[PDB]
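Shown below: input01.cif, with mmCIF, C-alpha atoms and all ligand atoms.
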```
data_data
loop_
_atom_site.label_atom_id
_atom_site.label_comp_id
_atom_site.auth_asym_id
_atom_site.auth_seq_id
_atom_site.Cartn_x
_atom_site.Cartn_y
_atom_site.Cartn_z
CA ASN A 22 4.09 2.11 -19.16
CA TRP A 23 6.46 5.06 -18.69
CA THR A 24 9.97 4.20 -17.31
CA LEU A 25 12.18 7.01 -15.98
CA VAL A 26 15.46 7.01 -17.98
CA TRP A 27 17.08 10.32 -16.99
CA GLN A 28 16.59 13.15 -14.57
CA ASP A 29 18.16 16.16 -12.94
CA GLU A 30 16.46 16.97 -9.63
CA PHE A 31 19.09 19.63 -8.88
CA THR A 32 19.19 18.26 -5.37
CA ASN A 33 23.01 18.08 -5.22
CA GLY A 34 24.08 20.86 -7.71
CA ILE A 35 23.64 20.81 -11.53
CA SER A 36 24.23 17.42 -13.23
CA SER A 37 27.39 16.96 -15.22
CA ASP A 38 25.05 16.09 -18.14
CA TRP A 39 24.60 19.82 -18.82
CA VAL A 40 26.91 21.96 -20.95
CA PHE A 41 26.65 25.77 -20.81
CA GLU A 42 26.71 28.18 -23.72
CA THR A 43 28.68 31.43 -23.60
CA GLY A 44 27.97 34.65 -25.45
CA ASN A 45 25.42 36.00 -27.88
CA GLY A 46 25.91 33.37 -30.57
CA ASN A 47 25.40 34.21 -34.25
CA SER A 48 23.08 37.15 -34.76
CA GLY A 49 21.75 36.79 -31.19
CA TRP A 50 21.29 33.03 -31.26
CA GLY A 51 19.59 33.47 -34.65
CA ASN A 52 16.87 35.79 -33.24
CA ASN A 53 18.63 39.11 -32.54
CA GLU A 54 18.52 38.28 -28.79
CA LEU A 55 20.27 40.77 -26.58
CA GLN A 56 21.83 38.57 -23.86
CA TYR A 57 25.28 37.06 -23.31
CA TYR A 58 24.99 33.61 -21.83
CA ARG A 59 27.27 32.52 -18.93
CA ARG A 60 27.76 29.70 -16.50
CA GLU A 61 27.57 32.11 -13.58
CA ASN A 62 23.92 32.94 -14.17
CA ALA A 63 22.99 29.36 -13.17
CA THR A 64 22.97 28.42 -9.52
CA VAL A 65 21.11 25.97 -7.23
CA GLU A 66 18.99 26.94 -4.21
CA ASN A 67 17.17 24.36 -2.11
CA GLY A 68 16.85 21.65 -4.77
CA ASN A 69 16.01 24.07 -7.63
CA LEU A 70 18.04 25.30 -10.59
CA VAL A 71 17.98 29.07 -10.61
CA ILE A 72 18.66 30.83 -13.96
CA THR A 73 19.07 34.56 -13.23
CA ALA A 74 18.89 37.14 -16.02
CA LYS A 75 20.88 40.31 -15.10
CA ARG A 76 21.64 43.78 -16.40
CA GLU A 77 25.32 43.09 -16.69
CA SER A 78 27.76 44.08 -19.42
CA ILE A 79 30.23 41.72 -21.09
CA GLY A 80 31.55 41.30 -24.60
CA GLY A 81 29.53 44.22 -25.99
CA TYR A 82 26.19 42.98 -24.62
CA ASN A 83 24.19 44.44 -21.73
CA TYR A 84 22.31 41.51 -20.27
CA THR A 85 23.40 38.07 -19.12
CA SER A 86 21.59 34.83 -18.55
CA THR A 87 22.11 31.06 -19.02
CA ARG A 88 21.51 28.61 -21.87
CA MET A 89 22.30 25.05 -20.87
CA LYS A 90 21.95 21.82 -22.88
CA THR A 91 22.49 18.04 -22.67
CA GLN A 92 23.99 18.03 -26.23
CA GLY A 93 26.88 15.59 -26.40
CA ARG A 94 25.92 13.85 -23.15
CA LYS A 95 22.27 12.81 -23.25
CA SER A 96 19.69 12.53 -26.04
CA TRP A 97 16.57 10.57 -26.70
CA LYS A 98 14.32 9.44 -29.52
CA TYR A 99 10.68 9.45 -28.33
CA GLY A 100 9.56 9.71 -24.72
CA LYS A 101 7.89 11.80 -22.11
CA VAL A 102 9.96 14.93 -21.36
CA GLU A 103 8.95 17.22 -18.48
CA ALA A 104 10.07 20.02 -16.21
CA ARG A 105 8.51 21.85 -13.31
CA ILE A 106 9.21 25.55 -13.89
CA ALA A 107 8.41 28.94 -12.33
CA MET A 108 9.45 31.84 -14.61
CA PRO A 109 9.46 35.58 -14.53
CA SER A 110 6.98 37.69 -16.48
CA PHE A 111 8.24 41.03 -17.79
CA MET A 112 8.58 42.88 -21.04
CA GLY A 113 11.55 41.53 -23.02
CA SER A 114 11.69 38.13 -21.26
CA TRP A 115 11.82 34.87 -23.27
CA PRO A 116 12.31 31.70 -21.11
CA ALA A 117 12.21 28.33 -22.80
CA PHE A 118 12.36 24.57 -22.17
CA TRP A 119 12.98 22.80 -25.44
CA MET A 120 14.80 20.24 -27.54
CA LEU A 121 17.00 20.16 -30.66
CA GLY A 122 17.96 17.29 -32.96
CA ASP A 123 21.43 15.84 -32.24
CA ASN A 124 22.08 16.12 -36.00
CA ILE A 125 22.20 19.87 -35.78
CA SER A 126 26.00 19.47 -35.97
CA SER A 127 25.66 18.03 -39.54
CA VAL A 128 22.34 19.53 -40.87
CA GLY A 129 22.05 22.86 -38.97
CA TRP A 130 18.90 24.63 -37.65
CA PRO A 131 16.08 24.34 -38.61
CA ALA A 132 16.61 21.09 -40.49
CA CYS A 133 17.53 19.37 -37.19
CA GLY A 134 14.09 20.07 -35.80
CA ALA A 135 13.19 21.72 -32.53
CA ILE A 136 10.48 20.79 -30.05
CA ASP A 137 9.64 23.75 -27.81
CA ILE A 138 8.01 22.20 -24.75
CA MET A 139 7.51 25.57 -23.08
CA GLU A 140 8.05 29.10 -24.28
CA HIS A 141 6.79 32.30 -22.78
CA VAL A 142 7.28 35.92 -23.87
CA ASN A 143 6.85 39.26 -22.17
CA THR A 144 3.87 39.32 -19.78
CA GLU A 145 1.51 37.02 -21.72
CA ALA A 146 -1.05 35.06 -19.67
CA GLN A 147 -0.35 31.94 -21.75
CA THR A 148 2.53 29.61 -22.70
CA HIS A 149 3.29 28.02 -26.08
CA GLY A 150 4.29 24.67 -27.43
CA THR A 151 5.76 24.43 -30.90
CA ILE A 152 7.67 22.31 -33.39
CA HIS A 153 10.05 23.88 -35.92
CA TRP A 154 11.51 22.09 -38.92
CA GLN A 155 12.23 22.09 -42.69
CA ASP A 156 9.29 20.58 -44.60
CA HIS A 157 8.99 18.34 -47.71
CA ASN A 158 9.74 21.43 -49.89
CA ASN A 159 12.67 22.42 -47.70
CA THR A 160 10.87 25.49 -46.37
CA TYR A 161 11.00 26.55 -42.77
CA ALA A 162 7.87 25.34 -40.96
CA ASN A 163 6.41 25.73 -37.45
CA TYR A 164 3.21 24.53 -35.83
CA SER A 165 2.33 26.05 -32.48
CA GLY A 166 -0.42 25.91 -29.83
CA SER A 167 -0.96 27.72 -26.55
CA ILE A 168 -2.73 27.39 -23.25
CA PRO A 169 -3.84 30.16 -20.78
CA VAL A 170 -1.63 30.28 -17.74
CA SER A 171 -2.67 32.99 -15.26
CA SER A 172 0.47 32.75 -13.15
CA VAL A 173 3.66 31.69 -15.00
CA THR A 174 5.57 32.95 -11.97
CA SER A 175 4.19 30.00 -9.98
CA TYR A 176 5.41 26.43 -10.62
CA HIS A 177 3.73 24.62 -13.45
CA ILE A 178 4.57 21.24 -15.04
CA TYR A 179 5.43 21.48 -18.78
CA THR A 180 5.39 18.17 -20.62
CA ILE A 181 5.51 16.52 -23.99
CA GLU A 182 4.64 12.92 -24.87
CA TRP A 183 6.44 11.98 -28.10
CA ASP A 184 6.15 8.71 -30.07
CA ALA A 185 6.50 7.63 -33.68
CA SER A 186 2.99 8.89 -34.37
CA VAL A 187 2.56 12.16 -32.49
CA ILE A 188 3.90 14.82 -30.12
CA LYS A 189 1.44 16.04 -27.45
CA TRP A 190 1.93 19.02 -25.17
CA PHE A 191 0.56 19.44 -21.65
CA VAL A 192 0.68 22.00 -18.85
CA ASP A 193 -0.24 20.50 -15.45
CA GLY A 194 -1.59 17.46 -17.28
CA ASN A 195 -3.90 19.51 -19.47
CA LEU A 196 -3.46 18.65 -23.17
CA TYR A 197 -3.38 21.77 -25.34
CA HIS A 198 -1.37 21.08 -28.55
CA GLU A 199 -0.57 18.10 -30.68
CA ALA A 200 1.25 17.45 -33.96
CA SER A 201 1.34 14.37 -36.10
CA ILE A 202 4.75 13.13 -37.17
CA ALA A 203 3.37 9.77 -38.46
CA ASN A 204 5.14 8.82 -41.72
CA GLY A 205 6.93 12.16 -41.67
CA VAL A 206 3.77 13.94 -42.63
CA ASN A 207 4.39 17.60 -43.70
CA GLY A 208 8.13 16.65 -43.89
CA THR A 209 8.50 15.88 -40.18
CA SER A 210 11.00 13.05 -40.79
CA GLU A 211 13.58 14.60 -38.49
CA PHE A 212 11.38 14.11 -35.36
CA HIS A 213 12.28 10.43 -35.68
CA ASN A 214 15.91 11.05 -34.51
CA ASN A 215 17.52 11.67 -31.09
CA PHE A 216 17.05 15.12 -29.52
CA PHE A 217 18.77 16.80 -26.58
CA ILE A 218 17.27 19.20 -24.00
CA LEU A 219 17.90 22.90 -23.49
CA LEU A 220 16.84 25.40 -20.78
CA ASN A 221 17.37 29.11 -21.21
CA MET A 222 16.11 32.56 -20.64
CA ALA A 223 16.70 35.03 -23.48
CA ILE A 224 16.27 38.83 -23.23
CA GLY A 225 14.76 40.51 -26.31
CA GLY A 226 14.60 39.10 -29.81
CA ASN A 227 12.38 38.96 -32.86
CA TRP A 228 9.45 37.37 -30.99
CA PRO A 229 9.33 39.20 -27.67
CA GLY A 230 10.62 42.42 -29.18
CA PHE A 231 13.08 45.02 -28.01
CA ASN A 232 11.07 46.91 -25.41
CA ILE A 233 12.86 45.65 -22.28
CA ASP A 234 11.65 46.36 -18.72
CA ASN A 235 15.00 47.28 -17.25
CA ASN A 236 13.42 47.51 -13.78
CA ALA A 237 12.58 43.79 -13.83
CA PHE A 238 16.22 42.76 -13.29
CA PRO A 239 17.51 40.67 -11.81
CA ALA A 240 14.91 38.07 -12.77
CA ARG A 241 14.79 34.43 -11.87
CA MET A 242 13.55 31.28 -13.56
CA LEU A 243 13.42 28.32 -11.16
CA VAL A 244 13.39 24.70 -12.38
CA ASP A 245 12.53 22.07 -9.76
CA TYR A 246 13.46 19.19 -12.06
CA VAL A 247 13.83 17.89 -15.61
CA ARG A 248 12.85 14.23 -16.30
CA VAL A 249 12.74 11.95 -19.28
CA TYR A 250 10.68 8.73 -19.41
CA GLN A 251 10.50 6.17 -22.18
CA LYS A 252 8.39 3.06 -23.00
CA CA B 1 14.41 19.69 -7.37
#
```
Turn the structure described in the file into structure tokens.
Amino acid sequence: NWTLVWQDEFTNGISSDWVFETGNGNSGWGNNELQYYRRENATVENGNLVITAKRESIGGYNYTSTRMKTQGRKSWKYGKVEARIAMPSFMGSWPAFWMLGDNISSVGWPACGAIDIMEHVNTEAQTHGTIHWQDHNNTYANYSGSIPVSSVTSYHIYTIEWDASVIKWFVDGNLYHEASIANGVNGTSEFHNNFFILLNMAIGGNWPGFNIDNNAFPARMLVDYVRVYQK
């Protein structure tokens, strides 16, 4: 059965297991994103993390938001990883709940692997689940599924179950995507290493595009909790 091994319920502030990124990264966090991440865009209100994207200027960028991670504090190999999230829906928005391989520090992205547990862009009536990696031929690979979500602005539960055979994605317990990692099929060896968790909300970028609804700011993503279980 599933045993809880880590959580942040945000009940008494943000856990010291999170580190915050600052700035626009390299080439907009690799995606030509437009935001500058800060600590100040993360707050807690009534037992929920609140990530607020703002029209705010700093360092040559014109929007701010938060990107937080458990890198260097907490990581896991296999498990059930879940968060209860309510996110905004507007043109330019790109919230995510995801994981990266701890070995990113030595192998870089995308060789480290990423497991996107929840992504949403713009005003789509659906959310996506995806894995990204470098395959047997060392070519960038991704494998993505999606599920209709009529109200991303309401709380939904975004989950993966990950074991040495498979990763499965669920929203509200409804299975919608799955990917085999058994034997490192399609060069998925790196999903058999420890990964850390990230939460963020980007503004603009190659996927959502550069048509930004400037009247949708400030915008809030609320996260009731993040939990990890293992067998
Ligand atoms: Ca909570």
Please identify all protein, DNA and RNA residues within 7 Å of ligand CA 1 (chain B), counting only C-alpha atoms and all ligand atoms, and report them as a ChimeraX atom specification.
/A:30-32,68-69,245-246
Closest of A:129, A:122, A:169, A:116 to residue 73 in chain A - atom-to-atom distances counting only C-alpha atoms:
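Checking each candidate against residue 73 in chain A, we get A:116 as the closest.
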List as a ChimeraX atom specification the protein and nucleic acid residues near range 89-94 of chain A, meaning an atom at most 8 Å away when only C-alpha atoms are counted, but skip any in the same chain fewer than 4 places from it.
/A:38-42,123,217-221
Mind listing whatever residues come within 6 Å of the point (12.0, 12.4, -31.9)? Use all atoms listed in the file, file coordinates, and give them as a PyMOL selection string.
chain A and resi 98-99+212-215
Please, which residues are within 10 Å of (-2.4, 33.5, -20.1) by the file's coordinates, counting all atoms listed in the file, and could they come as an NGL selection string?
:A and (141 or 144-149 or 167-173)
Can you tell me, as a ChimeraX atom specification, what residues are no more than 9 Å from residue 52 in chain A when counting all atoms listed in the file, ignoring any on the same chain fewer than 6 positions away?
/A:225-228
Figure out the distance between CA of residue 138 in chain A and CA of residue 198 in chain A, please, to one decimal in Å.
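A separation of 10.2 Å between them.
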For residue 71 in chain A, list every protein, DNA or RNA residue within 9 Å, evaluated using all atoms listed in the file, and leave out those in the same chain fewer than 3 positions away; present the list as a list in words.
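Residues near the query, excluding close chain neighbours: residues 62, 63, 64, 65, 66, 241, 242, 243, 244 and 245 of chain A.
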Env of residue 200 in chain A: 7 Å cut, atoms = only C-alpha atoms, seq-sep filter 3 positions within chain, self excluded. Answer as a list in words.
residues 187, 188 and 189 of chain A
10 Å contact set for residue 132 in chain A, all atoms listed in the file, chain neighbours under 2 positions out, as JSON, numbers by chain
{"A": [121, 122, 124, 125, 127, 128, 129, 130, 134, 135, 153, 154, 155, 156, 159, 160, 161, 162, 209, 210, 211]}
Restricting to all atoms listed in the file, whichever of A:136, A:181, A:237, A:70 is closest to residue 109 in chain A is A:237
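Taking CA of residue 143 in chain A as the reference point, CA of residue 182 in chain A is found at 26.6 Å.
The two atoms in question, CA of residue 204 in chain A and CA of residue 249 in chain A, are spaced 23.9 Å apart.
Of the listed residues (A:110, A:163, A:126, A:43), A:110 comes nearest to residue 238 in chain A; the distances count only C-alpha atoms.
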Would you mind telling me which residue in A:37, A:77, A:88, A:115 lies nearest to residue 58 in chain A when using all atoms listed in the file?
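Of A:37, A:77, A:88, A:115, the one nearest residue 58 in chain A, counting all atoms listed in the file, is A:88.
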Taking the partial coordinates given, rebuild range 71-97 of chain A to contain N, CA, C and O atoms; return it as a compact mmCIF listing (two decimals), keeping the file's coordinate frame.
```txt
# COMPACT_ATOMS: atom_id res chain seq x y z
N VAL A 71 18.37 27.67 -10.55
CA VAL A 71 17.98 29.07 -10.61
C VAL A 71 18.75 29.67 -11.80
O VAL A 71 19.98 29.71 -11.78
N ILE A 72 18.04 30.09 -12.87
CA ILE A 72 18.66 30.83 -13.96
C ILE A 72 18.28 32.30 -13.70
O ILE A 72 17.09 32.62 -13.69
N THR A 73 19.29 33.15 -13.53
CA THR A 73 19.07 34.56 -13.23
C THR A 73 19.48 35.42 -14.41
O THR A 73 20.64 35.34 -14.87
N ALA A 74 18.55 36.20 -14.97
CA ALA A 74 18.89 37.14 -16.02
C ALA A 74 19.30 38.46 -15.29
O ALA A 74 18.61 38.85 -14.34
N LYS A 75 20.36 39.10 -15.76
CA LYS A 75 20.88 40.31 -15.10
C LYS A 75 21.14 41.39 -16.09
O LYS A 75 21.45 41.10 -17.25
N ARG A 76 21.10 42.65 -15.65
CA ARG A 76 21.64 43.78 -16.40
C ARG A 76 23.09 43.83 -16.07
O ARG A 76 23.51 44.29 -15.03
N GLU A 77 23.90 43.28 -16.96
CA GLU A 77 25.32 43.09 -16.69
C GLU A 77 25.98 43.17 -18.06
O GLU A 77 25.46 42.62 -19.02
N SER A 78 27.12 43.82 -18.16
CA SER A 78 27.76 44.08 -19.42
C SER A 78 29.00 43.20 -19.58
O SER A 78 29.83 43.14 -18.69
N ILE A 79 29.11 42.58 -20.76
CA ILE A 79 30.23 41.72 -21.09
C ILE A 79 30.20 41.50 -22.57
O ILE A 79 29.11 41.26 -23.16
N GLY A 80 31.36 41.62 -23.21
CA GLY A 80 31.55 41.30 -24.60
C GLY A 80 30.76 42.15 -25.59
O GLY A 80 30.48 41.71 -26.71
N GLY A 81 30.32 43.32 -25.15
CA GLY A 81 29.53 44.22 -25.99
C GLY A 81 28.03 44.07 -25.81
O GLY A 81 27.27 44.67 -26.55
N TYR A 82 27.60 43.21 -24.88
CA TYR A 82 26.19 42.98 -24.62
C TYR A 82 25.87 43.46 -23.22
O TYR A 82 26.79 43.59 -22.39
N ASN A 83 24.59 43.77 -22.96
CA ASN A 83 24.19 44.44 -21.73
C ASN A 83 23.29 43.67 -20.84
O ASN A 83 22.88 44.18 -19.77
N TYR A 84 23.05 42.40 -21.16
CA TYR A 84 22.31 41.51 -20.27
C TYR A 84 22.98 40.16 -20.30
O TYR A 84 23.58 39.79 -21.33
N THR A 85 22.88 39.43 -19.20
CA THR A 85 23.40 38.07 -19.12
C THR A 85 22.36 37.12 -18.62
O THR A 85 21.43 37.50 -17.96
N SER A 86 22.53 35.85 -18.94
CA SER A 86 21.59 34.83 -18.55
C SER A 86 22.27 33.47 -18.82
O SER A 86 23.49 33.41 -19.00
N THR A 87 21.52 32.41 -18.79
CA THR A 87 22.11 31.06 -19.02
C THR A 87 21.34 30.35 -20.11
O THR A 87 20.12 30.47 -20.20
N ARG A 88 22.08 29.56 -20.88
CA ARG A 88 21.51 28.61 -21.87
C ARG A 88 22.27 27.35 -21.66
O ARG A 88 23.47 27.34 -21.91
N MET A 89 21.60 26.28 -21.21
CA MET A 89 22.30 25.05 -20.87
C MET A 89 21.66 23.92 -21.67
O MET A 89 20.45 24.03 -22.00
N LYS A 90 22.41 22.86 -21.95
CA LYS A 90 21.95 21.82 -22.88
C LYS A 90 22.56 20.49 -22.53
O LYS A 90 23.61 20.44 -21.95
N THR A 91 21.90 19.38 -22.90
CA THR A 91 22.49 18.04 -22.67
C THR A 91 23.18 17.53 -23.96
O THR A 91 23.62 16.40 -23.96
N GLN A 92 23.31 18.36 -24.98
CA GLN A 92 23.99 18.03 -26.23
C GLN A 92 25.36 17.42 -25.97
O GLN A 92 26.09 17.97 -25.20
N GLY A 93 25.65 16.25 -26.57
CA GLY A 93 26.88 15.59 -26.40
C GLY A 93 26.98 14.70 -25.16
O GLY A 93 27.97 14.00 -24.99
N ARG A 94 25.96 14.68 -24.33
CA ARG A 94 25.92 13.85 -23.15
C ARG A 94 24.70 12.98 -23.12
O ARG A 94 24.81 11.80 -22.82
N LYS A 95 23.50 13.55 -23.37
CA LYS A 95 22.27 12.81 -23.25
C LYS A 95 21.31 13.26 -24.35
O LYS A 95 21.05 14.47 -24.51
N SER A 96 20.73 12.28 -25.04
CA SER A 96 19.69 12.53 -26.04
C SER A 96 18.80 11.32 -26.13
O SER A 96 19.18 10.21 -25.67
N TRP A 97 17.60 11.56 -26.65
CA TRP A 97 16.57 10.57 -26.70
C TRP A 97 15.75 10.68 -27.99
O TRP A 97 15.51 11.77 -28.51
```
